[PDB]
């Protein structure tokens, strides 16, 4: 399972992820927790509850 091992790894290491949204929007932060439908991203120190259906890509480097 690539999705979970990936999110798990982002979460455990607290890596700075860039999240790209379907509509073109992007946001950088840290994944704090996630389940099947949502991802909780801490960005600019503030919490965001994001639906996976709204997400295109997670990017890191």
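Residue numbers count along the first chain shown, from 1.
Ranked against its chain, the third holding the CA B-factor of residue 11: Tercile = middle for this residue's CA B-factor.
Lowest, middle or highest third - CA B-factor, residue 39: Its C-alpha B-factor belongs to the lowest third of this chain's values.
Position of residue 17 among the chain's modelled residues by C-alpha B-factor, lowest, middle or highest third: For residue 17, whose C-alpha B-factor we compare with every modelled residue in the chain, the answer is the middle third.
Cα B factor band for residue 57 (lowest, middle or highest third within the chain): Within its chain, residue 57 is a lowest-third residue by C-alpha B-factor, going by the deposited values.
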